[PDB]
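Colleague: turn this into a model:
(one chain, ligands or ions: 1)
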Amino acid sequence: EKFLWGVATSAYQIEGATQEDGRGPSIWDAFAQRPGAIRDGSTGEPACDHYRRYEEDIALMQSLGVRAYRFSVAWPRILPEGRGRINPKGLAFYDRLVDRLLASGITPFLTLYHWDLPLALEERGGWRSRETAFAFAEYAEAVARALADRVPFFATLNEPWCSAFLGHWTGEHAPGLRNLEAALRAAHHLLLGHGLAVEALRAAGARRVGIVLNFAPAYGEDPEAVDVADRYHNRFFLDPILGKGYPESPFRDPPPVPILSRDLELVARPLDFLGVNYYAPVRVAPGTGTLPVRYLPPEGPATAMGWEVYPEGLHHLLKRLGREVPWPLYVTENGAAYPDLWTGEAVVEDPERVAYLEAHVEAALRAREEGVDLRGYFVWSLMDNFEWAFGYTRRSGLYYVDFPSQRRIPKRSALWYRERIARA
Ligand SMILES: [Cl-]
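Modeller: Numbering: from 1, shown residues only. Take a look at the structure below.
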């Protein structure tokens, strides 16, 4: 089988067209309207204008020799109120995107939920409400019904840890809640929606179904604080998915999780793959409160995000997961933000991104050459885009995007990756 060399994006981060063609607003449209939620005061509009420029963007993928494209479908384009009414212009756009990928030799790799919950559902309680899980499954169904003839890979959710905890506890992500019980309700309904979606997907013909999780491996001098960090970030969604139930709580005095009877059996549905998102480890020490850990400074070289560059961390992570996960792994995101500047040249010099990607590729391939069933590697991202709370200030792309003209300019890392893929 062909190992999948890919690149990854998400709908709200690149599309624009936020109020075109019947698109309903999402929780990110509203969150971005709040003063100080986005550091540069920016919004999803108009991201990279990908909704009009997707031909051009696929041609960029072709010119790197990439063989797979990981993207998300915007739920609010498909069902503008989240449930019930279906907007055919929505499915028409993704239908045409899929045809073009196939005509260009590219394997579609589809994410159903990448954070853009329809605002209509959030105003009925969003992921805190059990009904949102059933709305998710109905959405998943309508997508596979239209797309599964040509899209081999569907992932239900992208990083539900961010959606639960950054979305409902630290309030850093949309909606923007700060309540641990709202977060645990959200974690449980994201998982319940995952399981219900799996059944809808298969019933509608999806061939490979999985999920994409974020791993931030924890290191430090005290094993106990390491284990608390690992339970909170690395096992809280994986263990349920694996059918081991939730891990022992990392929280002091947690509130109840609205686990209903049979929910855990629904959540632990057989999958065809696990998507691994990795960027950095975290160094921890013993800390005090609700979550009794303290997060320490990066040891040595760090990206613009202040995230430690530690390629060995990906290798170790893949070995550990290789023993524990009974499905093949895909690294569905890996990449780095550095402050790229462009002043007219035909290429944007990003030697730190080149260094970052080369070392991480060598790590992942090493895990595979030691017998991890690793079947693909995707760079976040194809191009510079809207980076959530960071707006346009953190550039992660293989292509530089000059946002005023939408011109795409290749960086050194694009040329590095093209040659990388070729040397297969
Ligand atoms: Cl996650």
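Colleague: show me where the stretch 151-300 of the chain has its helices.
Modeller: In the stretch 151-300 of the chain, the helices defined using DSSP state H, counting those that start in this stretch lie at 160-161, 167-168, 180-203, 223-230, 238-242, 263-267.
Colleague: what's the burial count for the residue of the stretch 101-250 of the chain found nearest the ion?
Modeller: Per CB to the ion, residue 161 is where the stretch 101-250 of the chain lies closest to the ion, at 3.3 Å. To be clear about C-beta, it is placed using only N, CA and C from the backbone, and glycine gets the same treatment. Residue 161 sits with 23 neighbouring residues when counted by other CB atoms under 10 Å.
Colleague: relative to residue 169, how far out is it?
Modeller: Look at residue 161 and residue 169: by CB to CB, to the nearest Å, they are 11 Å apart.
Colleague: same thing with residue 332?
Modeller: Where residue 169 is concerned, residue 332 sits at a distance of 24 Å (CB to CB).
Colleague: of those two, who's got more company?
Modeller: residue 332 (30 against 22).
Colleague: doesn't that one fall inside a strand?
Modeller: Yes. Assessed by DSSP: H, G, I helix; E, B strand; the rest coil, residue 332 belongs to a strand.
Colleague: and residue 292, backbone torsions?
Modeller: phi -80, psi 40 (degrees, to the nearest 10).
Colleague: distance-wise, check it relative to the ion.
Modeller: Separation of residue 292 from the ion (CB to the ion, to the nearest Å) stands at 21 Å.
Colleague: is it correct that that residue is in contact with residue 225?
Modeller: Yes. The pair residue 292 / residue 225 is scored as a contact, 7.3 Å apart, by CB atoms under 8 Å.
Colleague: quick check: neighbours shared by these two?
Modeller: residue 286 (CB atoms under 8 Å, 6 or more residues apart in numbering).
Colleague: neighbour count for the two, which is higher?
Modeller: residue 225 (18 against 15).
Colleague: my guess is the more buried one meets residue 282, correct?
Modeller: No. Residue 225 lies out of contact with residue 282 (CB under 8 Å); the separation is 10.7 Å.
Colleague: close to the ion: what parts of the chain are there?
Modeller: 159, 161, 213-214, 237 (CB under 5 Å from the ion).
Colleague: restricted to strands, list those residues.
Modeller: 213-214 (DSSP state E).
Colleague: what's the closest of the residues of the chain next to the ion to residue 311?
Modeller: Ranked by distance to residue 311 (CB to CB), these are led by residue 214 at 17.4 Å.
Colleague: and the gap between that closest one and residue 29?
Modeller: In terms of CB to CB, residue 214 sits 23 Å off from residue 29.
Colleague: burial of the residue nearest to residue 310 when sequence neighbours are not counted, as a residue count?
Modeller: With CB to CB, 6 or more residues apart in numbering as the criterion, residue 310 has its nearest non-adjacent residue at 5.1 Å, and that residue is residue 281. With neighbours defined by other CB under 10 Å, the count for residue 281 comes to 23.
Colleague: thought residue 281 was touching residue 308?
Modeller: Yes. Counting by CB under 8 Å, residue 308 is a contact partner of residue 281 at 6.2 Å.
Colleague: coming back round to it: for residue 158, see how far away the residue nearest to residue 310 is.
Modeller: Distance from residue 281 to residue 158, by CB to CB: 20 Å.
Colleague: do residue 409 as well
Modeller: Distance from residue 409 to residue 158, by CB to CB: 27 Å.
Colleague: same deal with residue 215?
Modeller: Counting by CB to CB, the gap from residue 215 to residue 158 is 13 Å.
Colleague: for the residue positioned nearest the centre of the chain, which non-adjacent residue is closest in space?
Modeller: Centre of the chain computed as the mean C-alpha position; nearest residue by CA atoms, centre = their mean is residue 158, 4.0 Å away. Distances taken as CB to CB, 6+ apart place residue 114 nearest to residue 158, at 4.3 Å, with adjacent residues excluded.
Colleague: next, the one you found: phi, psi?
Modeller: According to degrees, to the nearest 10, residue 114 has phi -120, psi 60.
Colleague: chain center to stretch 141-155, what's the gap?
Modeller: Here stretch 141-155 is found 18 Å from its chain centre; the criterion is CA atoms, centre = their mean, to the nearest Å.
Colleague: how far does it stretch from one end to the other?
Modeller: Using CA to CA, to the nearest Å, one end of stretch 141-155 lies 13 Å from the other.
Colleague: and for that stretch, what's in contact with it?
Modeller: By CB under 8 Å, 6+ apart, stretch 141-155 touches 73, 78-79, 86, 91, 94-95, 98-99, 102, 107-112, 140, 200-201, 203-212, 273, 275, 332.
Colleague: now stretch 283-297
Modeller: Applying CB under 8 Å, 6+ apart, the set of residues contacting stretch 283-297 is 180, 218-222, 224-226, 228-229, 232, 250-253, 282, 298-299, 308.
Colleague: how about stretch 44-61?
Modeller: Taking CB under 8 Å, 6+ apart as the rule, stretch 44-61 contacts 7, 9, 12-18, 20, 28-29, 32, 69, 93, 97, 100-101, 104, 106, 382-386, 399, 401, 403, 406, 408.
Colleague: the residues you listed, buried ones only, as a PyMOL selection?
Modeller: In PyMOL, this line selects whichever of these come out buried by 16 or more other CB atoms under 10 Å:
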select buried, resi 7+9+12+13+14+15+16+17+18+28+29+32+69+93+97+100+101+106+382+383+384+385+386+399+401+406+408
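Colleague: just the ones in helices from the contacts of stretch 44-61, please.
Modeller: Mapping these onto helices (DSSP state H) picks out 12-14, 28-29, 93, 97, 100-101.
Colleague: residue 393 and residue 30, how far apart?
Modeller: Residue 393 is 21 Å from residue 30, by CB to CB.
Colleague: what is the burial count for the nearest residue to residue 167 once chain neighbours are set aside?
Modeller: Leaving out its chain neighbours, the residue that sits closest to residue 167 by CB to CB, 6+ apart is residue 173, at 4.5 Å. The burial count assigned to residue 173 is 23, neighbours taken as other CB under 10 Å.
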